[PDB]
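Engineer: I'd like to ask some things about the structure below.
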RNA sequence: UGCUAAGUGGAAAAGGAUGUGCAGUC
RNA sequence: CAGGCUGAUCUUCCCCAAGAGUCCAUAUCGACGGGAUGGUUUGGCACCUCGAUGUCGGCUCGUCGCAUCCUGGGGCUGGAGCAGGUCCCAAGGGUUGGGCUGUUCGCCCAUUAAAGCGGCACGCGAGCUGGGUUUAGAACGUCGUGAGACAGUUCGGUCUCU
Ligand SMILES: [Mg+2]
Ligand SMILES: [Mg+2]
Ligand SMILES: [Mg+2]
Ligand SMILES: [Mg+2]
Ligand SMILES: [Mg+2]
Ligand SMILES: [Mg+2]
Ligand SMILES: [Mg+2]
Ligand SMILES: [Mg+2]
Ligand SMILES: [Mg+2]
Ligand SMILES: [Mg+2]
Ligand SMILES: [Mg+2]
Ligand SMILES: [Mg+2]
Ligand SMILES: [Mg+2]
Ligand SMILES: [Mg+2]
Ligand SMILES: [Mg+2]
């Protein structure tokens, strides 16, 4: 169970060893420094905290700067954890270890987490995949509307988890599996097959797949 | 049914002495 | 096996015991097995 | 008129139960008398004079009967088909704190004061407890001979 | 289905249910009978259903008395109609009370006698006992 | 001083059955 | 109209087996008779509402029960195998599109692993439609001396609310 932070760099297409087209989403996982290693004695779990992306020193908050000063590391844009199973896996990390995208090895499977695109208050049709009412044959002002939302005098209420209308996207999501076509060691980019969540240039956590 | 049976078995509460004002 | 509120024996061999709070009859014949008597 | 507490009159002090072999219910009811402050010579219902209770070995409680299979202890979330049920033997293995607690909370008055009573109770799975600074007296549970 | 020949009043009140039977409470005729331990309206259907259950199981031998006769109308109205007059006489019904002997059986064997009556118990509404003349 | 292992107590029938406690009878 | 009680009638199980199954009541059917469950049909009753509880079917959206249509696990078989029958367990998911009719139901068509049964005011009109029913127009058959009448047909017929 290895992992890496990176960014979504946008999509392209690349041709196979057997001449098929695979569509590939290009991510660039840059050099990530492990800042802090969460340990089972003090915390009650095992995890690794990874730092990513260049930031100016003056932008950094003094609370945030002192944490990087404890690590012995130049401060970074984003930081996040890889939760990992058992105690044994944190044995092979040291604070200030600068890991790169070379580890993943061609033909692996991943999870590739990342926050989704916000769609911005879509109701009913777009959000849940409801069917609207008919466009003709009488239909007065109901063409995209939800219809009924409940029974009658019993129960005399709407149930929790009824499907209505509200702000859609910016969900954390996951792709699952999603084959790594090619690790490029120089440049520091991974060609992963298929779509990966989020906008172009959003933060993305690639780790090896739990289902595989 | 269930509601019909249960009302008439409240007759036997000890406070009621084997009769309860049905209706 | 045959369920039903009744059991009754058929063979003289058929035993009528009860297992885990439930009445059953067992006979050499696979057919004469019954439950919830 | 009669005596009512005009604060501070609360002596308070602490107790520490060990369950071990003693059955649920008579532990929980005897705990709930201490938690209201009803053993006290001075008892007014509106105030709480309830002494602290530390229950220990709350996994060991001998439940008796065949309740460790067949008593279910239900929750409902809010949503339709949200009715969960969790056997006492299953519940005691996961959360041994819950079984003694959820008994004792059911015997308290169920009101605005009755929720302030729940702070005084603590309940632990193992033999240890971290309130050994305050020097609690071991309360063995007693019938008065009539 | 046996019925009275010429009943005087074709519409009667309900037969008076509660009370112990004064007679005939004991076996008068044959070796084995069955005595009702409960109040019921034994229809002429249920007598004839119980009568053949003996006669099939007994086969050829023995003899069967019936102390019961139905005699009494018991009214029913149509299922369609609203709740006018009194309806038509539908059933024919003997009033049976606890104590009273219903059926009787003369068959020389012990086991064939008892289990033949046991067929007749299950086809009556009453919860009944097998009795003996001794 | 006894009974009940079924949470029976804390719903129900015609029936079915080596569950068990007492008082009878070859 | 809907709720309430009732459960004759309906509905799902059950007691006793006369039997039919070559023989063999209980693989599978089970007459005659008896005992209950369910409230889902037709009813009985008149308890809430007539200073209004607004209306069948369809669409939209569902939610729960299991008496399981499919998938999953079992016993028995008059179970060789394949494919069944029957009974027990099980509610996680899935249960198609058209033809005719206002229809519900139903008959059919081509498929499907399967085309389940019910409750929720026979779910849902301050969510929609208005084909059906049930105002005023009008003709047809019928009954009426006549005005007119008919859960007899026929064509037309305002759906309010920040
Ligand atoms: Mg559309
Ligand atoms: Mg429009
Ligand atoms: Mg009923
Ligand atoms: Mg009970
Ligand atoms: Mg009504
Ligand atoms: Mg009402
Ligand atoms: Mg009235
Ligand atoms: Mg009003
Ligand atoms: Mg079932
Ligand atoms: Mg409706
Ligand atoms: Mg409308
Ligand atoms: Mg409405
Ligand atoms: Mg119309
Ligand atoms: Mg004329
Ligand atoms: Mg027109």
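Engineer: Looking at (1) touching a strand residue (DSSP E or B) at 6+ places or on another chain (Cβ under 9 Å); (2) farther than 27 Å from residue E:7 by Cα, find the lone condition where residue E:89 falls short.
Structural biologist: It fails just one condition, (2).
One line per residue, one yes/no per condition, for (1) farther than 16 Å from residue D:26 by Cβ; (2) in contact with a strand residue (DSSP E or B) (Cβ under 7 Å, 6 or more places away or on another chain); (3) assigned to a helix (DSSP H, G or I):
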| position | (1), (2), (3) |
| --- | --- |
| D:75 | yes, yes, no |
| D:78 | yes, no, no |
| D:92 | yes, no, yes |
| D:109 | yes, no, no |
| D:115 | yes, no, yes |
| D:122 | yes, yes, no |
| D:126 | yes, no, no |
| D:134 | yes, yes, no |
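Engineer: Inside segment A:148-179, can you point out the residues that are touching a helix residue (DSSP H, G or I) at 6+ places or on another chain (Cβ under 7 Å) and either surrounded by fewer than 11 Cβ atoms within 10 Å (Cβ to Cβ) or within 14 Å of chain D (Cβ to nearest Cβ) (or both)?
Structural biologist: A:163
Engineer: Another question about this same structure. Can you spot a residue in segment A:128-144 that is closer than 30 Å to residue A:203 by Cα and away from RNA strand G (no atom under 16 Å from the Cβ)? Before the answer, list the steps.
Structural biologist: Taking segment A:128-144 first, the residues closer than 30 Å to residue A:203 by Cα are A:128-129.
From the residues that got through so far, the ones that are away from RNA strand G (no atom under 16 Å from the Cβ) too are none.
So far as segment A:128-144 goes, no, none of its residues is closer than 30 Å to residue A:203 by Cα and away from RNA strand G (no atom under 16 Å from the Cβ).
Engineer: From the residues in segment A:131-146 that are surrounded by 10 or more Cβ atoms within 10 Å (Cβ to Cβ) and farther than 10 Å from residue A:164 by Cα, which one is farthest from RNA strand F (Cβ to nearest atom)? If you could, list the steps in order and put the result at the bottom.
Structural biologist: The first filter runs over segment A:131-146 and keeps only residues surrounded by 10 or more Cβ atoms within 10 Å (Cβ to Cβ), leaving A:132-134, A:139, A:142-146.
So of that shortlist, the ones also farther than 10 Å from residue A:164 by Cα come out as A:132-134, A:139, A:142-144.
Working: A:132: 46, A:133: 44, A:134: 47, A:139: 48, A:142: 45, A:143: 50, A:144: 48 Å.
The selected residue is A:143.
Engineer: Assess whether residue A:89 counts as being within 16 Å of ligand 1 (Cβ to nearest atom), more than 14 Å from chain D (Cβ to nearest Cβ) and out of contact with any helix residue (DSSP H, G or I) (no Cβ under 7 Å at 6 or more places or on another chain). If you could, list the steps in order and put the result at the bottom.
Structural biologist: Numbers: within 16 Å of ligand 1 (Cβ to nearest atom): no; more than 14 Å from chain D (Cβ to nearest Cβ): yes; out of contact with any helix residue (DSSP H, G or I) (no Cβ under 7 Å at 6 or more places or on another chain): yes.
Taking the combined requirement at face value, the residue does not satisfy it.
Engineer: Now a separate question. Just checking, does segment E:95-115 include any residue being within 14 Å of chain C (Cβ to nearest Cβ) and either surrounded by fewer than 19 Cβ atoms within 10 Å (Cβ to Cβ) or within 16 Å of ligand 2 (Cβ to nearest atom) (or both)? Break it down into steps so the answer makes sense when it comes.
Structural biologist: Looking only at segment E:95-115, we keep the residues that are within 14 Å of chain C (Cβ to nearest Cβ), and these are E:115.
Those left that are additionally either surrounded by fewer than 19 Cβ atoms within 10 Å (Cβ to Cβ) or within 16 Å of ligand 2 (Cβ to nearest atom) (or both): E:115.
Yes, that holds for at least one residue.
Engineer: I need every pair where a residue in segment D:71-83 that is more than 14 Å from every other protein chain (Cβ to nearest Cβ) has its Cβ under 6 Å from the Cβ of a residue that is surrounded by 10 or more Cβ atoms within 10 Å (Cβ to Cβ) and not in a strand (DSSP E or B), sequence separation at least 6 or different chains.
Structural biologist: Taking only residues 6 or more apart or on different chains, the pairs are D:71/D:88; D:73/D:86.
Engineer: Can you pull out every residue in segment B:1-18 that is surrounded by 10 or more Cβ atoms within 10 Å (Cβ to Cβ) and either near RNA strand F (Cβ under 10 Å from one of its atoms) or part of a loop (DSSP other than H, G, I, E, B) (or both)? It would help to see each step written out before you state the result.
Structural biologist: Pass one, segment B:1-18, residues surrounded by 10 or more Cβ atoms within 10 Å (Cβ to Cβ): B:7-8, B:10-13, B:16.
Result: B:8, B:12, B:13, B:16.
Engineer: Can you confirm whether residue E:68 is under 20 Å from residue E:1 (Cβ atoms), within 13 Å of the chain's Cα centre (by Cα) and crowded, with 17+ Cβ neighbours inside 10 Å? Steps first, answer last, please.
Structural biologist: Numbers: under 20 Å from residue E:1 (Cβ atoms): yes; within 13 Å of the chain's Cα centre (by Cα): yes; crowded, with 17+ Cβ neighbours inside 10 Å: yes.
Yes.
Engineer: Here's something else I'd like to know. From the list A:158, A:183, pick out the single residue that is on the phi < 0 side of the Ramachandran plot and touching a strand residue (DSSP E or B) at 6+ places or on another chain (Cβ under 7 Å). Show your work before the answer.
Structural biologist: On the way: A:158 fails: touching a strand residue (DSSP E or B) at 6+ places or on another chain (Cβ under 7 Å).
Matching residue, one of A:158, A:183: A:183.
Engineer: What is the residue count in segment A:125-146 for residues that are farther than 30 Å from residue A:178 by Cα and more than 16 Å from ligand 2 (Cβ to nearest atom)?
Structural biologist: Let us first name the residues in segment A:125-146 that are farther than 30 Å from residue A:178 by Cα, namely A:131-146.
Now restrict to residues that are more than 16 Å from ligand 2 (Cβ to nearest atom): A:131, A:146.
Here the count works out to 2.
Engineer: If we only count strands (runs of 3 or more DSSP E) wholly inside segment E:1-99, which ones have 1 or more residues that are farther than 28 Å from residue E:118 by Cβ? Spell out how you get there, then give the answer.
Structural biologist: Values: elements: E:32-36, E:40-43, E:93-96.
Answer list for segment E:1-99: none.
Engineer: Additional query: From the residues in segment D:55-70 that are surrounded by 11 or more Cβ atoms within 10 Å (Cβ to Cβ) and part of a loop (DSSP other than H, G, I, E, B), which one is farthest from the other protein chains (Cβ to nearest Cβ)? Working first, answer last.
Structural biologist: Just the residues of segment D:55-70 that are surrounded by 11 or more Cβ atoms within 10 Å (Cβ to Cβ), to begin with: D:55-63, D:67-69.
Filter again for part of a loop (DSSP other than H, G, I, E, B), leaving D:57-61, D:63.
Working: D:57: 23, D:58: 21, D:59: 20, D:60: 25, D:61: 26, D:63: 20 Å.
Applying the filter and picking the extreme gives D:61.
Engineer: Related question: Among the residues of segment C:16-35, which ones are loosely packed, with under 13 Cβ neighbours inside 10 Å and either more than 8 Å from RNA strand F (Cβ to nearest atom) or under 8 Å from the mean Cα position of the chain (by Cα) (or both)? Walk me through it before giving the result.
Structural biologist: Within segment C:16-35, the subset loosely packed, with under 13 Cβ neighbours inside 10 Å is C:17-22, C:28-31.
Correct list: C:17, C:19, C:20, C:22, C:28, C:29, C:30, C:31.
Engineer: Also: Identify the residue in segment A:97-130 that is in a loop (DSSP other than H, G, I, E, B) and in contact with a strand residue (DSSP E or B) (Cβ under 6 Å, 6 or more places away or on another chain) and, among all such residues, is farthest from RNA strand F (Cβ to nearest atom).
Structural biologist: Kept after step one, since they are in a loop (DSSP other than H, G, I, E, B), are these residues of segment A:97-130: A:97, A:100, A:105-109, A:111-112, A:115-121, A:124, A:129-130.
Next, only the ones that are in contact with a strand residue (DSSP E or B) (Cβ under 6 Å, 6 or more places away or on another chain) stay: A:97, A:106, A:108-109, A:111-112, A:124.
On the way: A:97: 59, A:106: 62, A:108: 55, A:109: 50, A:111: 47, A:112: 52, A:124: 43 Å.
Checking each candidate, the answer is A:106.
Engineer: Could I ask something else about it? If you go through segment C:1-14, how many residues are more than 9 Å from RNA strand G (Cβ to nearest atom) and surrounded by 13 or more Cβ atoms within 10 Å (Cβ to Cβ)?
Structural biologist: Taking segment C:1-14 and keeping what is more than 9 Å from RNA strand G (Cβ to nearest atom), we get C:11-14.
From the residues that got through so far, the ones that are surrounded by 13 or more Cβ atoms within 10 Å (Cβ to Cβ) too are C:11, C:14.
Summing the residues that are more than 9 Å from RNA strand G (Cβ to nearest atom) and surrounded by 13 or more Cβ atoms within 10 Å (Cβ to Cβ) in segment C:1-14 gives 2.
The rows are residues; the columns are (1) surrounded by 10 or more Cβ atoms within 10 Å (Cβ to Cβ); (2) in a loop (DSSP other than H, G, I, E, B); (3) within 14 Å of chain A (Cβ to nearest Cβ).
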site: D:42; (1), (2), (3): yes, yes, no
site: D:48; (1), (2), (3): yes, yes, no
site: D:89; (1), (2), (3): yes, no, no
site: D:100; (1), (2), (3): yes, no, no
site: D:142; (1), (2), (3): no, yes, no
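Engineer: What are the residues in segment A:101-130 that are surrounded by 13 or more Cβ atoms within 10 Å (Cβ to Cβ) and over 17 Å from the mean Cα position of the chain (by Cα), if any?
Structural biologist: Hits for segment A:101-130 are A:102, A:103, A:104, A:108, A:122, A:123, A:124, A:125, A:126, A:127, A:128, A:130.
Just so you know, all these numbers are worked out from the coordinates, no wet-lab data involved. Neighbour counts run over all protein chains shown; Cβ positions are idealised from the backbone, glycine included.
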